[PDB]
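Raw contents of final-v5.txt, compact mmCIF, N, CA, C and O atoms:
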```txt
# COMPACT_ATOMS: atom_id res chain seq x y z
N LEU A 64 -7.47 -42.81 -14.46
CA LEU A 64 -6.25 -42.14 -14.92
C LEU A 64 -6.54 -41.08 -15.98
O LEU A 64 -6.20 -39.91 -15.78
N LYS A 65 -7.16 -41.49 -17.08
CA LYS A 65 -7.55 -40.52 -18.09
C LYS A 65 -8.39 -39.41 -17.47
O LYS A 65 -8.18 -38.23 -17.76
N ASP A 66 -9.33 -39.78 -16.61
CA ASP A 66 -10.08 -38.77 -15.86
C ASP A 66 -9.15 -37.93 -15.01
O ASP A 66 -9.22 -36.69 -15.01
N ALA A 67 -8.25 -38.59 -14.28
CA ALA A 67 -7.25 -37.86 -13.51
C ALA A 67 -6.36 -37.03 -14.42
O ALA A 67 -5.97 -35.92 -14.08
N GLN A 68 -6.01 -37.57 -15.59
CA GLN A 68 -5.18 -36.84 -16.53
C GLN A 68 -5.83 -35.52 -16.93
O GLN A 68 -5.20 -34.45 -16.84
N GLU A 69 -7.09 -35.58 -17.36
CA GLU A 69 -7.79 -34.37 -17.77
C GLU A 69 -7.95 -33.41 -16.60
O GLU A 69 -7.77 -32.19 -16.75
N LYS A 70 -8.31 -33.94 -15.43
CA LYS A 70 -8.42 -33.09 -14.25
C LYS A 70 -7.11 -32.35 -14.00
O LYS A 70 -7.10 -31.14 -13.77
N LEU A 71 -5.99 -33.08 -14.04
CA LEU A 71 -4.69 -32.48 -13.76
C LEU A 71 -4.38 -31.40 -14.78
O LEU A 71 -3.97 -30.28 -14.42
N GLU A 72 -4.56 -31.70 -16.06
CA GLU A 72 -4.24 -30.72 -17.09
C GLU A 72 -5.09 -29.46 -16.93
O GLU A 72 -4.58 -28.34 -17.00
N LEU A 73 -6.39 -29.64 -16.71
CA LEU A 73 -7.28 -28.48 -16.60
C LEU A 73 -6.94 -27.64 -15.37
O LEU A 73 -6.92 -26.41 -15.44
N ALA A 74 -6.69 -28.30 -14.24
CA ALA A 74 -6.33 -27.56 -13.04
C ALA A 74 -5.02 -26.81 -13.23
O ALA A 74 -4.89 -25.66 -12.79
N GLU A 75 -4.05 -27.43 -13.89
CA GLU A 75 -2.77 -26.76 -14.13
C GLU A 75 -2.95 -25.54 -15.03
O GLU A 75 -2.38 -24.48 -14.76
N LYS A 76 -3.74 -25.67 -16.10
CA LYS A 76 -3.97 -24.53 -16.97
C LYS A 76 -4.67 -23.41 -16.22
O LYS A 76 -4.31 -22.24 -16.35
N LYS A 77 -5.69 -23.76 -15.43
CA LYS A 77 -6.40 -22.75 -14.65
C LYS A 77 -5.46 -22.06 -13.67
O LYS A 77 -5.51 -20.83 -13.52
N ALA A 78 -4.59 -22.82 -13.01
CA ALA A 78 -3.65 -22.25 -12.06
C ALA A 78 -2.70 -21.28 -12.75
O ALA A 78 -2.48 -20.16 -12.26
N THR A 79 -2.12 -21.69 -13.88
CA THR A 79 -1.20 -20.81 -14.58
C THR A 79 -1.91 -19.55 -15.05
O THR A 79 -1.35 -18.45 -14.98
N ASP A 80 -3.15 -19.69 -15.54
CA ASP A 80 -3.91 -18.53 -15.98
C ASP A 80 -4.13 -17.56 -14.83
O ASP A 80 -3.93 -16.35 -14.97
N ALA A 81 -4.56 -18.08 -13.67
CA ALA A 81 -4.79 -17.21 -12.52
C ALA A 81 -3.51 -16.52 -12.09
O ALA A 81 -3.52 -15.33 -11.74
N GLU A 82 -2.40 -17.26 -12.09
CA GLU A 82 -1.13 -16.66 -11.71
C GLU A 82 -0.75 -15.52 -12.65
O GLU A 82 -0.35 -14.44 -12.20
N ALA A 83 -0.87 -15.74 -13.96
CA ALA A 83 -0.53 -14.68 -14.90
C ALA A 83 -1.43 -13.47 -14.70
O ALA A 83 -0.95 -12.33 -14.70
N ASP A 84 -2.72 -13.71 -14.52
CA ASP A 84 -3.65 -12.61 -14.31
C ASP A 84 -3.26 -11.79 -13.09
O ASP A 84 -3.14 -10.56 -13.16
N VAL A 85 -3.03 -12.46 -11.95
CA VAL A 85 -2.76 -11.73 -10.72
C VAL A 85 -1.42 -11.01 -10.80
O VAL A 85 -1.26 -9.91 -10.27
N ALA A 86 -0.43 -11.61 -11.48
CA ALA A 86 0.86 -10.94 -11.63
C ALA A 86 0.73 -9.67 -12.45
O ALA A 86 1.22 -8.60 -12.05
N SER A 87 0.07 -9.76 -13.61
CA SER A 87 -0.10 -8.57 -14.44
C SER A 87 -0.93 -7.51 -13.72
O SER A 87 -0.64 -6.31 -13.82
N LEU A 88 -1.96 -7.93 -12.98
CA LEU A 88 -2.75 -6.98 -12.21
C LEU A 88 -1.92 -6.34 -11.11
O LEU A 88 -2.14 -5.17 -10.76
N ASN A 89 -1.00 -7.09 -10.52
CA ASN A 89 -0.09 -6.50 -9.55
C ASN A 89 0.78 -5.43 -10.20
O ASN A 89 1.00 -4.36 -9.62
N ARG A 90 1.27 -5.70 -11.40
CA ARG A 90 2.03 -4.67 -12.11
C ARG A 90 1.17 -3.44 -12.37
O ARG A 90 1.61 -2.30 -12.19
N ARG A 91 -0.08 -3.66 -12.77
CA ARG A 91 -0.99 -2.54 -12.99
C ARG A 91 -1.20 -1.74 -11.72
O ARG A 91 -1.19 -0.50 -11.74
N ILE A 92 -1.40 -2.42 -10.59
CA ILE A 92 -1.67 -1.71 -9.34
C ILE A 92 -0.43 -0.94 -8.92
O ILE A 92 -0.52 0.17 -8.39
N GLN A 93 0.75 -1.50 -9.16
CA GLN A 93 1.97 -0.75 -8.94
C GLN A 93 1.96 0.54 -9.75
O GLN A 93 2.23 1.63 -9.23
N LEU A 94 1.66 0.43 -11.04
CA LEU A 94 1.70 1.60 -11.91
C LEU A 94 0.71 2.66 -11.44
O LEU A 94 1.04 3.85 -11.37
N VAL A 95 -0.51 2.25 -11.10
CA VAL A 95 -1.52 3.23 -10.70
C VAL A 95 -1.15 3.87 -9.37
O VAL A 95 -1.39 5.06 -9.16
N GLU A 96 -0.57 3.09 -8.45
CA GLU A 96 -0.11 3.68 -7.21
C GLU A 96 0.99 4.70 -7.46
O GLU A 96 1.04 5.75 -6.81
N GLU A 97 1.90 4.40 -8.39
CA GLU A 97 2.91 5.38 -8.77
C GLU A 97 2.25 6.65 -9.28
O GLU A 97 2.65 7.76 -8.93
N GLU A 98 1.24 6.49 -10.14
CA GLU A 98 0.48 7.65 -10.61
C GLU A 98 0.00 8.47 -9.43
O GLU A 98 0.22 9.69 -9.37
N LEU A 99 -0.64 7.81 -8.47
CA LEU A 99 -1.22 8.52 -7.34
C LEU A 99 -0.16 9.28 -6.55
O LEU A 99 -0.32 10.46 -6.26
N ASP A 100 0.95 8.61 -6.23
CA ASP A 100 1.95 9.24 -5.37
C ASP A 100 2.62 10.41 -6.07
O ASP A 100 2.80 11.48 -5.48
N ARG A 101 3.00 10.23 -7.33
CA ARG A 101 3.65 11.31 -8.06
C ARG A 101 2.70 12.49 -8.22
O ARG A 101 3.11 13.66 -8.09
N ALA A 102 1.42 12.21 -8.44
CA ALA A 102 0.46 13.29 -8.48
C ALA A 102 0.37 14.00 -7.14
O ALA A 102 0.24 15.23 -7.07
N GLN A 103 0.44 13.24 -6.04
CA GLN A 103 0.40 13.85 -4.72
C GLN A 103 1.57 14.80 -4.53
O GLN A 103 1.42 15.88 -3.94
N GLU A 104 2.76 14.40 -4.98
CA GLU A 104 3.91 15.28 -4.86
C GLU A 104 3.69 16.56 -5.67
O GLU A 104 4.05 17.66 -5.23
N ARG A 105 3.10 16.43 -6.86
CA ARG A 105 2.71 17.63 -7.60
C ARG A 105 1.76 18.49 -6.77
O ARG A 105 1.86 19.72 -6.77
N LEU A 106 0.83 17.85 -6.06
CA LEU A 106 -0.10 18.60 -5.22
C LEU A 106 0.66 19.39 -4.17
O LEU A 106 0.33 20.55 -3.91
N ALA A 107 1.64 18.77 -3.53
CA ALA A 107 2.41 19.46 -2.50
C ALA A 107 3.15 20.65 -3.09
O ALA A 107 3.17 21.74 -2.51
N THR A 108 3.76 20.45 -4.26
CA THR A 108 4.44 21.56 -4.92
C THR A 108 3.49 22.72 -5.16
O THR A 108 3.80 23.88 -4.86
N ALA A 109 2.31 22.41 -5.70
CA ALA A 109 1.34 23.46 -5.99
C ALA A 109 0.89 24.17 -4.72
O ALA A 109 0.73 25.40 -4.70
N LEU A 110 0.67 23.41 -3.65
CA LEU A 110 0.26 24.02 -2.39
C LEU A 110 1.31 25.02 -1.92
O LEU A 110 0.97 26.15 -1.54
N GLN A 111 2.58 24.61 -1.95
CA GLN A 111 3.63 25.52 -1.52
C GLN A 111 3.67 26.77 -2.39
O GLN A 111 3.80 27.89 -1.89
N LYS A 112 3.53 26.59 -3.71
CA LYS A 112 3.55 27.75 -4.60
C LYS A 112 2.42 28.71 -4.28
O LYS A 112 2.64 29.93 -4.17
N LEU A 113 1.20 28.20 -4.12
CA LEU A 113 0.07 29.08 -3.89
C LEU A 113 0.20 29.82 -2.57
O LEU A 113 -0.02 31.03 -2.49
N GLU A 114 0.58 29.10 -1.50
CA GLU A 114 0.73 29.76 -0.22
C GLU A 114 1.79 30.85 -0.28
O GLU A 114 1.58 31.97 0.20
N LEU B 160 18.30 78.59 -8.38
CA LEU B 160 17.54 77.49 -7.80
C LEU B 160 17.09 76.52 -8.89
O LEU B 160 17.23 75.30 -8.73
N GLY B 161 16.57 77.04 -10.00
CA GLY B 161 16.18 76.18 -11.10
C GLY B 161 17.35 75.44 -11.70
O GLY B 161 17.24 74.28 -12.08
N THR B 162 18.50 76.12 -11.81
CA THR B 162 19.70 75.47 -12.34
C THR B 162 20.14 74.31 -11.46
O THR B 162 20.44 73.22 -11.95
N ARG B 163 20.17 74.53 -10.14
CA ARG B 163 20.57 73.46 -9.23
C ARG B 163 19.57 72.31 -9.29
O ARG B 163 19.97 71.14 -9.28
N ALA B 164 18.27 72.62 -9.33
CA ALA B 164 17.27 71.56 -9.41
C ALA B 164 17.42 70.75 -10.69
O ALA B 164 17.39 69.51 -10.66
N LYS B 165 17.59 71.43 -11.83
CA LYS B 165 17.73 70.75 -13.10
C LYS B 165 19.01 69.95 -13.19
O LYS B 165 19.04 68.93 -13.89
N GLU B 166 20.08 70.38 -12.51
CA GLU B 166 21.29 69.57 -12.47
C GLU B 166 21.01 68.20 -11.88
O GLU B 166 21.34 67.17 -12.48
N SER B 167 20.38 68.16 -10.70
CA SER B 167 20.05 66.89 -10.07
C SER B 167 19.05 66.10 -10.91
O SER B 167 19.15 64.87 -11.01
N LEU B 168 18.08 66.79 -11.50
CA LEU B 168 17.09 66.10 -12.34
C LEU B 168 17.76 65.41 -13.52
O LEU B 168 17.50 64.23 -13.78
N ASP B 169 18.63 66.12 -14.24
CA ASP B 169 19.32 65.53 -15.37
C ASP B 169 20.25 64.41 -14.93
O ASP B 169 20.36 63.38 -15.61
N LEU B 170 20.93 64.59 -13.79
CA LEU B 170 21.81 63.55 -13.29
C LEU B 170 21.04 62.26 -13.00
O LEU B 170 21.49 61.17 -13.36
N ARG B 171 19.89 62.38 -12.35
CA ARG B 171 19.08 61.20 -12.04
C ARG B 171 18.36 60.65 -13.26
O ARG B 171 17.99 59.47 -13.26
N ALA B 172 18.15 61.47 -14.29
CA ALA B 172 17.44 61.00 -15.48
C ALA B 172 18.20 59.86 -16.16
O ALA B 172 17.61 58.84 -16.52
N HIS B 173 19.51 60.03 -16.35
CA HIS B 173 20.29 59.00 -17.01
C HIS B 173 20.37 57.73 -16.17
O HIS B 173 20.33 56.62 -16.70
N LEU B 174 20.50 57.89 -14.85
CA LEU B 174 20.50 56.73 -13.97
C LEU B 174 19.19 55.97 -14.07
O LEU B 174 19.17 54.74 -14.15
N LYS B 175 18.07 56.70 -14.08
CA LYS B 175 16.77 56.06 -14.23
C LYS B 175 16.66 55.35 -15.58
O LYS B 175 16.13 54.23 -15.66
N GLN B 176 17.15 55.99 -16.64
CA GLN B 176 17.13 55.37 -17.96
C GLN B 176 17.89 54.05 -17.95
O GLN B 176 17.36 53.01 -18.36
N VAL B 177 19.12 54.07 -17.45
CA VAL B 177 19.93 52.85 -17.42
C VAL B 177 19.26 51.79 -16.56
O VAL B 177 19.23 50.61 -16.92
N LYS B 178 18.70 52.20 -15.42
CA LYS B 178 18.10 51.23 -14.51
C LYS B 178 16.86 50.59 -15.12
O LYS B 178 16.62 49.39 -14.92
N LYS B 179 16.06 51.36 -15.85
CA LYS B 179 14.73 50.92 -16.27
C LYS B 179 14.66 50.44 -17.70
O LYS B 179 14.18 49.33 -17.96
N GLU B 180 15.11 51.25 -18.67
CA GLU B 180 14.99 50.87 -20.07
C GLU B 180 15.75 49.58 -20.36
O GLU B 180 15.31 48.76 -21.17
N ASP B 181 16.88 49.38 -19.69
CA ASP B 181 17.65 48.15 -19.86
C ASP B 181 16.92 46.92 -19.35
O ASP B 181 17.30 45.80 -19.73
N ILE B 182 15.90 47.08 -18.50
CA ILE B 182 15.09 45.93 -18.09
C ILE B 182 14.37 45.34 -19.29
O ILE B 182 14.16 44.12 -19.35
N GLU B 183 13.99 46.17 -20.25
CA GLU B 183 13.28 45.70 -21.43
C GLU B 183 14.13 44.80 -22.32
O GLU B 183 13.59 44.19 -23.25
N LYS B 184 15.44 44.72 -22.07
CA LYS B 184 16.28 43.80 -22.82
C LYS B 184 15.75 42.38 -22.77
O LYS B 184 15.80 41.66 -23.78
N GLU B 185 15.25 41.95 -21.62
CA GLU B 185 14.60 40.65 -21.50
C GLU B 185 13.78 40.62 -20.22
O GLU B 185 14.26 41.00 -19.16
N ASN B 186 12.53 40.17 -20.34
CA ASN B 186 11.69 39.93 -19.18
C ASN B 186 10.87 38.65 -19.29
O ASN B 186 10.05 38.39 -18.41
N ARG B 187 11.07 37.85 -20.34
CA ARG B 187 10.33 36.61 -20.53
C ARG B 187 10.85 35.48 -19.66
O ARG B 187 10.20 34.42 -19.61
N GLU B 188 11.99 35.65 -18.99
CA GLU B 188 12.56 34.55 -18.22
C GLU B 188 11.62 34.11 -17.11
O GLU B 188 11.75 32.99 -16.59
N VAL B 189 10.67 34.96 -16.73
CA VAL B 189 9.65 34.57 -15.77
C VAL B 189 8.85 33.39 -16.29
O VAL B 189 8.42 32.52 -15.51
N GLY B 190 8.63 33.33 -17.60
CA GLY B 190 7.91 32.23 -18.20
C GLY B 190 8.57 30.88 -17.96
O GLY B 190 9.74 30.69 -18.29
N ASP B 191 7.81 29.95 -17.39
CA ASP B 191 8.30 28.61 -17.11
C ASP B 191 8.17 27.73 -18.34
O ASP B 191 7.51 28.09 -19.32
N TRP B 192 8.80 26.56 -18.28
CA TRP B 192 8.79 25.62 -19.39
C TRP B 192 7.52 24.77 -19.32
O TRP B 192 6.60 25.04 -18.54
N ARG B 193 7.46 23.73 -20.15
CA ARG B 193 6.24 22.96 -20.33
C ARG B 193 5.78 22.26 -19.06
O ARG B 193 4.68 22.55 -18.56
N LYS B 194 6.60 21.36 -18.53
CA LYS B 194 6.22 20.52 -17.38
C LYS B 194 4.94 19.75 -17.68
O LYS B 194 3.91 19.91 -17.03
N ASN B 195 5.02 18.89 -18.70
CA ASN B 195 3.86 18.19 -19.20
C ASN B 195 3.48 17.03 -18.27
O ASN B 195 4.23 16.64 -17.38
N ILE B 196 2.29 16.50 -18.50
CA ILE B 196 1.77 15.39 -17.72
C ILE B 196 1.77 14.14 -18.59
O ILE B 196 1.98 14.19 -19.80
N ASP B 197 1.53 12.98 -17.96
CA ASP B 197 1.54 11.70 -18.64
C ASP B 197 0.14 11.15 -18.89
O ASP B 197 -0.11 10.53 -19.93
N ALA B 198 -0.78 11.36 -17.94
CA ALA B 198 -2.16 10.89 -18.05
C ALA B 198 -2.22 9.38 -18.26
O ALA B 198 -3.02 8.87 -19.05
N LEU B 199 -1.37 8.65 -17.53
CA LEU B 199 -1.31 7.19 -17.58
C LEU B 199 -1.15 6.71 -19.03
O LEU B 199 -1.86 5.83 -19.51
N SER B 200 -0.21 7.34 -19.72
CA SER B 200 0.08 6.98 -21.09
C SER B 200 1.52 6.49 -21.21
O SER B 200 1.85 5.71 -22.11
N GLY B 201 2.38 6.95 -20.30
CA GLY B 201 3.76 6.53 -20.31
C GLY B 201 4.02 5.30 -19.47
O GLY B 201 5.04 5.22 -18.78
N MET B 202 3.10 4.35 -19.51
CA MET B 202 3.25 3.07 -18.83
C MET B 202 3.35 2.00 -19.90
O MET B 202 2.39 1.26 -20.16
N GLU B 203 4.52 1.89 -20.52
CA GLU B 203 4.76 1.02 -21.66
C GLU B 203 6.09 0.30 -21.51
O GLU B 203 6.86 0.15 -22.47
N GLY B 204 6.39 -0.15 -20.31
CA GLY B 204 7.65 -0.83 -20.05
C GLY B 204 7.51 -1.83 -18.93
O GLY B 204 6.71 -1.66 -18.01
N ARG B 205 8.32 -2.89 -19.01
CA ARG B 205 8.35 -3.94 -18.01
C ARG B 205 9.64 -3.84 -17.20
O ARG B 205 10.45 -2.93 -17.38
N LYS B 206 9.82 -4.80 -16.30
CA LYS B 206 11.03 -4.88 -15.48
C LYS B 206 12.06 -5.79 -16.14
O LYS B 206 12.46 -6.83 -15.62
N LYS B 207 12.49 -5.38 -17.33
CA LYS B 207 13.46 -6.14 -18.11
C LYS B 207 14.88 -5.64 -17.91
O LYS B 207 15.76 -6.40 -17.50
N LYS B 208 15.13 -4.37 -18.20
CA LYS B 208 16.43 -3.74 -18.00
C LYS B 208 16.23 -2.50 -17.15
O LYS B 208 15.26 -1.76 -17.33
N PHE B 209 17.15 -2.27 -16.21
CA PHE B 209 17.07 -1.10 -15.35
C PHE B 209 18.34 -0.27 -15.31
O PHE B 209 18.25 0.95 -15.08
N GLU B 210 19.51 -0.86 -15.52
CA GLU B 210 20.75 -0.09 -15.50
C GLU B 210 20.74 0.98 -16.58
O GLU B 210 21.15 2.12 -16.34
N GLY B 211 20.27 0.63 -17.77
CA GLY B 211 20.11 1.58 -18.85
C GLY B 211 18.65 1.95 -19.03
O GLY B 211 18.32 2.95 -19.67
```
Could the structure of this file be written out as structure tokens, please?
Amino acid sequence: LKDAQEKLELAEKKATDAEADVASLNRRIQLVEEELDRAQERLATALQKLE
Amino acid sequence: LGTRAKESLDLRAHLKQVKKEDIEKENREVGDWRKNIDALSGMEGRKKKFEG
């Protein structure tokens, strides 16, 4: 039980940590993708202007 | 002949003046505004409130 207790607590902490990491990284990837797309639209504007 | 030529010349002179010198009143409007970039610096917000 005590062994099971420690196993359970450690696994739960590891799981919550991984979840928080992946969620925040998902937010980051969203932000960087927004950067990319908005920059692409700037690229299209510039292309039209130059042509 | 010179009188007739100078009549038309003087008549067109004032029209040219009005057409051209008045352009100098303003020509900077061609200049565009800043249109600044963010450089991944304006990413300082979460999905907390969106209506405002």
Enclose the full set of atoms of segment 88-91 of chain A listed in the file within a box whose edges lie along x, y and z, apply 8 Å of padding to each of the six sides, and report centre and edge lengths in Å to one decimal as AutoDock Vina command-line options.
```
--center_x -0.4 --center_y -4.2 --center_z -11.3 --size_x 20.8 --size_y 23.4 --size_z 19.4
```
8 Å contacts from chain B to chain A using all atoms listed in the file, as a PyMOL selection string: chain B and resi 199+202+204
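Between atom O of residue 172 of chain B and atom C of residue 184 of chain B the interatomic distance comes to 17.7 Å.
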Separation of atom O of residue 175 of chain B from atom N of residue 187 of chain B in Å: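 Result for atom N of residue 187 of chain B versus atom O of residue 175 of chain B: 17.8 Å, one decimal.
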